[PDB]
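J.: Enclosed is the structure file model_10.tsv (TSV, C-alpha atoms).
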```tsv
chain	number	residue	atom	x	y	z
A	177	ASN	CA	55.17	-26.86	44.34
A	178	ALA	CA	56.70	-23.79	42.71
A	179	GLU	CA	55.65	-24.44	39.10
A	180	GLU	CA	52.05	-25.11	40.18
A	181	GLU	CA	52.08	-21.85	42.15
A	182	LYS	CA	53.46	-19.98	39.13
A	183	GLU	CA	50.61	-21.12	36.91
A	184	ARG	CA	48.05	-20.43	39.65
A	185	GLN	CA	49.28	-16.83	39.95
A	186	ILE	CA	49.25	-16.34	36.16
A	187	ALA	CA	45.67	-17.64	36.05
A	188	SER	CA	44.82	-15.29	38.96
A	189	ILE	CA	46.09	-12.11	37.33
A	190	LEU	CA	44.47	-12.99	33.96
A	191	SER	CA	41.10	-13.51	35.72
A	192	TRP	CA	41.43	-10.16	37.49
A	193	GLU	CA	42.04	-8.48	34.11
A	194	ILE	CA	39.08	-10.25	32.46
A	195	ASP	CA	36.67	-9.07	35.14
A	196	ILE	CA	37.78	-5.44	34.66
A	197	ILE	CA	37.52	-5.77	30.86
A	198	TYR	CA	33.90	-6.98	31.13
A	199	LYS	CA	32.91	-4.23	33.59
A	200	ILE	CA	34.13	-1.70	31.02
A	201	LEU	CA	32.37	-3.54	28.16
A	202	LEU	CA	29.02	-3.75	29.90
A	203	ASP	CA	28.91	-0.64	32.05
A	204	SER	CA	31.68	1.74	30.90
A	205	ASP	CA	32.96	2.00	34.48
A	206	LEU	CA	35.23	0.09	36.85
A	207	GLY	CA	32.52	-0.56	39.45
A	208	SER	CA	33.88	-2.32	42.52
A	209	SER	CA	37.10	-3.40	40.76
A	210	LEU	CA	40.30	-3.28	42.83
A	211	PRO	CA	43.68	-1.91	41.75
A	212	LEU	CA	46.32	-4.54	40.95
A	213	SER	CA	48.11	-3.98	44.29
A	214	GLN	CA	44.91	-5.09	46.10
A	215	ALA	CA	43.94	-7.87	43.66
A	216	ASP	CA	44.61	-11.43	44.80
A	217	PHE	CA	47.83	-11.41	42.80
A	218	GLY	CA	49.01	-8.11	44.28
A	219	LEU	CA	48.31	-9.32	47.80
A	220	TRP	CA	50.17	-12.58	47.10
A	221	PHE	CA	53.10	-10.75	45.55
A	222	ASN	CA	53.49	-8.30	48.43
A	223	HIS	CA	52.95	-10.77	51.30
A	224	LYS	CA	54.56	-13.98	50.03
A	225	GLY	CA	56.11	-13.46	46.59
A	226	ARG	CA	58.45	-10.65	47.67
A	227	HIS	CA	59.91	-12.80	50.43
A	228	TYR	CA	60.16	-16.01	48.42
A	229	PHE	CA	62.05	-14.12	45.72
A	230	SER	CA	63.91	-11.77	48.09
A	231	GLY	CA	67.11	-10.35	46.63
A	232	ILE	CA	66.17	-10.78	42.97
A	233	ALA	CA	65.98	-7.98	40.37
A	234	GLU	CA	62.65	-8.89	38.77
A	235	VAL	CA	60.84	-8.44	42.10
A	236	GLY	CA	61.47	-4.71	42.08
A	237	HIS	CA	60.56	-4.72	38.42
A	238	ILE	CA	57.10	-6.18	38.98
A	239	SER	CA	56.58	-3.68	41.81
A	240	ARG	CA	57.34	-0.78	39.46
A	241	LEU	CA	54.85	-2.05	36.86
A	242	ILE	CA	52.13	-2.47	39.50
A	243	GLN	CA	52.71	1.07	40.84
A	244	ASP	CA	52.56	2.59	37.36
A	245	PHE	CA	49.36	0.80	36.48
A	246	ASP	CA	47.80	1.67	39.88
A	247	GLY	CA	48.28	5.28	38.79
A	248	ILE	CA	46.47	4.72	35.52
A	249	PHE	CA	43.71	2.71	37.24
A	250	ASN	CA	43.14	5.49	39.76
A	251	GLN	CA	43.11	8.20	37.11
A	252	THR	CA	40.29	6.29	35.42
A	253	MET	CA	38.42	5.75	38.71
A	254	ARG	CA	38.43	9.52	39.17
A	255	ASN	CA	37.35	10.22	35.59
A	256	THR	CA	35.48	7.29	34.07
A	257	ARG	CA	34.07	9.58	31.38
A	258	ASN	CA	37.30	8.66	29.56
A	259	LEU	CA	35.80	5.21	28.98
A	260	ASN	CA	33.06	6.86	26.87
A	261	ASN	CA	35.67	7.95	24.33
A	262	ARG	CA	36.63	5.15	21.92
A	263	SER	CA	40.32	6.07	21.78
A	264	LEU	CA	40.72	6.55	25.55
A	265	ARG	CA	38.77	3.35	26.24
A	266	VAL	CA	41.08	1.40	23.93
A	267	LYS	CA	44.10	3.08	25.56
A	268	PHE	CA	43.08	1.92	29.03
A	269	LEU	CA	42.24	-1.57	27.82
A	270	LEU	CA	45.63	-1.93	26.10
A	271	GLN	CA	47.46	-0.60	29.16
A	272	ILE	CA	45.88	-3.17	31.52
A	273	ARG	CA	46.51	-6.06	29.10
A	274	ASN	CA	50.08	-4.99	28.37
A	275	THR	CA	50.87	-4.44	32.07
A	276	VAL	CA	49.64	-7.97	32.84
A	277	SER	CA	51.61	-9.49	29.90
A	278	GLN	CA	54.84	-7.88	31.13
A	279	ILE	CA	54.29	-8.97	34.72
A	280	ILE	CA	53.59	-12.57	33.60
A	281	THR	CA	56.90	-12.63	31.72
A	282	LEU	CA	58.79	-11.34	34.76
A	283	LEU	CA	56.99	-13.83	37.00
A	284	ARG	CA	58.10	-16.67	34.72
A	285	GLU	CA	61.68	-15.44	34.96
A	286	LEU	CA	61.52	-15.25	38.78
A	287	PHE	CA	60.26	-18.81	39.15
A	288	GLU	CA	62.94	-19.95	36.69
A	289	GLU	CA	65.66	-18.43	38.86
A	290	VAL	CA	64.63	-20.34	41.99
A	291	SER	CA	64.32	-23.68	40.17
B	177	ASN	CA	52.42	-33.34	37.81
B	178	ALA	CA	48.62	-33.17	37.78
B	179	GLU	CA	47.90	-30.03	39.80
B	180	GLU	CA	50.55	-28.09	37.89
B	181	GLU	CA	49.03	-29.19	34.58
B	182	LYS	CA	45.57	-28.14	35.79
B	183	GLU	CA	46.68	-24.59	36.55
B	184	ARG	CA	48.67	-24.46	33.29
B	185	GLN	CA	45.56	-25.37	31.29
B	186	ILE	CA	43.43	-22.79	33.14
B	187	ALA	CA	46.02	-20.09	32.41
B	188	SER	CA	46.11	-21.28	28.78
B	189	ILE	CA	42.38	-21.06	28.10
B	190	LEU	CA	42.15	-17.61	29.78
B	191	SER	CA	44.97	-16.36	27.53
B	192	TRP	CA	43.24	-17.69	24.41
B	193	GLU	CA	40.06	-15.84	25.46
B	194	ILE	CA	41.88	-12.55	26.05
B	195	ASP	CA	43.46	-12.62	22.60
B	196	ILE	CA	40.04	-13.03	20.97
B	197	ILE	CA	38.51	-10.29	23.14
B	198	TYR	CA	41.19	-7.81	22.01
B	199	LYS	CA	40.87	-8.74	18.33
B	200	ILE	CA	37.18	-7.87	18.61
B	201	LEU	CA	37.89	-4.66	20.56
B	202	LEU	CA	40.48	-3.37	18.12
B	203	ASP	CA	39.33	-4.69	14.76
B	204	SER	CA	35.72	-5.92	15.14
B	205	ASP	CA	36.74	-9.25	13.63
B	206	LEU	CA	38.25	-12.58	14.73
B	207	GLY	CA	41.30	-12.34	12.45
B	208	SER	CA	43.51	-15.45	12.66
B	209	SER	CA	41.88	-16.63	15.91
B	210	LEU	CA	41.30	-20.36	16.27
B	211	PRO	CA	38.18	-22.13	17.57
B	212	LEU	CA	38.43	-23.56	21.06
B	213	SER	CA	38.90	-27.11	19.73
B	214	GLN	CA	42.11	-25.97	17.96
B	215	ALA	CA	43.34	-23.65	20.73
B	216	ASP	CA	46.22	-24.97	22.84
B	217	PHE	CA	43.69	-26.05	25.47
B	218	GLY	CA	41.49	-27.84	22.95
B	219	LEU	CA	44.45	-29.72	21.48
B	220	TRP	CA	45.55	-30.72	24.97
B	221	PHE	CA	42.05	-31.80	25.96
B	222	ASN	CA	41.49	-33.88	22.83
B	223	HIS	CA	44.98	-35.40	22.49
B	224	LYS	CA	45.75	-36.00	26.17
B	225	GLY	CA	43.08	-34.85	28.62
B	226	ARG	CA	40.19	-36.97	27.31
B	227	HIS	CA	42.24	-40.12	27.67
B	228	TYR	CA	43.90	-39.25	30.97
B	229	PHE	CA	40.36	-38.90	32.33
B	230	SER	CA	38.71	-41.67	30.28
B	231	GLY	CA	35.52	-42.92	31.91
B	232	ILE	CA	34.70	-39.73	33.82
B	233	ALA	CA	31.44	-37.81	33.31
B	234	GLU	CA	32.98	-34.33	33.16
B	235	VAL	CA	34.98	-35.24	30.05
B	236	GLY	CA	31.90	-35.56	27.87
B	237	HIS	CA	30.57	-32.43	29.52
B	238	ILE	CA	33.59	-30.33	28.52
B	239	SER	CA	33.40	-31.78	24.98
B	240	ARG	CA	29.77	-30.67	24.74
B	241	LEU	CA	30.61	-27.08	25.77
B	242	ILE	CA	33.50	-26.91	23.31
B	243	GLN	CA	31.31	-28.19	20.44
B	244	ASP	CA	28.56	-25.68	21.25
B	245	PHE	CA	30.96	-22.77	21.42
B	246	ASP	CA	32.72	-23.86	18.18
B	247	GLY	CA	29.30	-23.45	16.57
B	248	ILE	CA	28.94	-19.89	17.88
B	249	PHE	CA	32.56	-19.06	16.91
B	250	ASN	CA	32.01	-20.27	13.37
B	251	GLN	CA	28.70	-18.42	13.02
B	252	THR	CA	30.63	-15.27	13.85
B	253	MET	CA	33.50	-16.14	11.48
B	254	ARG	CA	30.97	-16.40	8.66
B	255	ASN	CA	29.25	-13.15	9.59
B	256	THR	CA	31.51	-10.78	11.50
B	257	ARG	CA	29.18	-7.87	10.70
B	258	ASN	CA	27.41	-9.01	13.88
B	259	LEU	CA	30.37	-7.60	15.83
B	260	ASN	CA	29.42	-4.12	14.56
B	261	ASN	CA	26.13	-4.32	16.44
B	262	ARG	CA	26.53	-3.44	20.11
B	263	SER	CA	24.10	-6.06	21.45
B	264	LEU	CA	25.37	-8.89	19.22
B	265	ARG	CA	28.97	-7.98	20.05
B	266	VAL	CA	28.20	-8.12	23.79
B	267	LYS	CA	26.35	-11.42	23.24
B	268	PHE	CA	29.39	-13.05	21.64
B	269	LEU	CA	31.78	-11.68	24.25
B	270	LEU	CA	29.60	-12.98	27.09
B	271	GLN	CA	29.30	-16.39	25.44
B	272	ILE	CA	33.05	-16.85	25.12
B	273	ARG	CA	33.68	-15.69	28.72
B	274	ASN	CA	30.90	-17.83	30.15
B	275	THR	CA	31.92	-20.91	28.10
B	276	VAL	CA	35.44	-20.58	29.48
B	277	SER	CA	34.21	-20.09	33.10
B	278	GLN	CA	32.14	-23.28	32.89
B	279	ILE	CA	34.96	-25.29	31.35
B	280	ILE	CA	37.36	-24.14	34.08
B	281	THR	CA	34.92	-25.32	36.73
B	282	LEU	CA	34.55	-28.71	35.05
B	283	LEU	CA	38.30	-29.04	34.64
B	284	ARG	CA	38.76	-28.48	38.38
B	285	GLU	CA	36.21	-31.24	39.01
B	286	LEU	CA	38.00	-33.62	36.60
B	287	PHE	CA	41.35	-33.16	38.31
B	288	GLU	CA	39.67	-33.65	41.69
B	289	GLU	CA	38.12	-36.89	40.46
B	290	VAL	CA	41.50	-38.16	39.27
B	291	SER	CA	43.19	-37.20	42.56
B	292	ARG	CA	40.72	-39.39	44.46
```
Translate the structure described by the file into structure tokens.
T.:
Amino acid sequence: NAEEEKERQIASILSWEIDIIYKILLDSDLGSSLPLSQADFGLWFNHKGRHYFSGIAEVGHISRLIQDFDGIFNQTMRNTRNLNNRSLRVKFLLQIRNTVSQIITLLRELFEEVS
Amino acid sequence: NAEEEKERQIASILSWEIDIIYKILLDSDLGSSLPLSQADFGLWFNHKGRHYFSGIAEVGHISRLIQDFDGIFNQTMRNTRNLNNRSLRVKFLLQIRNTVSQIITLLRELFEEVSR
């Protein structure tokens, strides 16, 4: 059920993003949020996705985007005072949304390849 | 392909929500955003979903939540100055997120009911 799994994983990563967005909105912190590599999607991608798509370019590509955003996520964890600044808050919020948009596109391409 | 369609619709309504959230974040307005009834999910639900699930309780339930949130959406469209007030901005953002959460739950129930 590859296409069903694709849509499930897209829904998963969007829901992860939404929960982080609302923690920032309400509390100006990340709280008990997890980095993308430890989110349900990241766990799926590293345990099952990597091996179902083994030997395909876009796999490494998604991994690179996750690692880069983990860096940004962890910078914010260590200095959440950034979220009190309008410009830096917007910056973080755009970077999570745009990371997730790019990963979704690559995920669609990966599932296309196997079909 | 029922289960595939279910997950597709859940991904669709979450994506519609995110685009509205970021229009409010960046611009404190709704811009060219559409009400839920005219979003891709709302068009699917009204043109196909309602009738694929005709005679099931959760259909009317989802329609009720869409109609209520359309009301809130249009109140905001008519007075976006509300989005400049921190508490009223948070109120709207919670109401769209919580409307979508409840619809997703009901959609899961609908697809379960049709699988049985």
J.: If you take all atoms listed in the file and a cut-off of 10 Å, which residues of segment 247-274 of chain B touch segment 187-194 of chain B, and what are their nearest atom pairs and distances in Å to one decimal, in chain and number order, as CSV?
T.:
```
residue,atom,partner,partner_atom,distance
B:269,CA,B:193,CA,9.3
B:272,CA,B:193,CA,7.1
B:273,CA,B:193,CA,7.2
```
J.: Give me, as a PyMOL selection string, the contact residues of chain B against chain A at a cut-off of 12 Å, counting all atoms listed in the file.
T.: chain B and resi 177-203+262-263+265-274+276-277+280
J.: With distances taken over all atoms listed in the file, which of B:229, B:264, B:214, B:284 is nearest to residue 243 of chain B?
T.: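 Between B:229, B:264, B:214, B:284, the residue approaching residue 243 of chain B most closely is B:214.
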J.: Could you check how far atom CA of residue 210 of chain B sits from atom CA of residue 249 of chain B, in Å to one decimal?
T.: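 Distance reported for this atom pair: 8.9 Å.
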J.: Write out as a PyMOL selection string the residues lying within 10 Å of residue 282 of chain B, counting only C-alpha atoms and excluding same-chain residues fewer than 3 positions away.
T.: chain B and resi 233-235+237-238+276-279+285-288
